[PDB]
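Protein chains in written order, with the deposited numbering: chain XB, 224 to 279; chain XC, 211 to 262.
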């Protein structure tokens, strides 16, 4: 029983590990897109700051 | 080979006696190891399962 029970657990651990891999991959790309959008806003914002400072 | 030897040897043992007893069958019943060492005998098998 300890042999068959342990073997079944191996499959279960493999399945749970596989799911986490996909989950991490999806989260990874999401963070990249979020960072890209935030970076774009900062670039556009910097343009406005330069104009105001130059005008003043 | 034992049930053959012990049966043959037992017959030779009673040949000089000349008694009228006749041997019909010699059927071995059990050869279990001592109960004190039985514990280890089963553990050796469990170790193979534990190895797997």
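In this text, a Cβ means the ideal position worked out from N, Cα and C, and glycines have one as well.
The criterion of a C-beta distance shorter than 7 Å is not satisfied by residue 217 of chain XC and residue 247 of chain XC. Taking CB atoms only, residue 228 of chain XB has no neighbour in chain XC less than 7 Å away.
DSSP, read as helix, strand or coil, puts residue 262 of chain XC in coil. DSSP, reduced to helix, strand and coil, places residue 251 of chain XC within a helical segment of the structure shown. Taken atom to atom, the span from the alpha-carbon of residue 261 of chain XC to that of residue 238 of chain XC is near 36 Å. Taking 7 Å as the threshold, the shortest C-beta distance from residue 259 of chain XC to chain XB falls below it.
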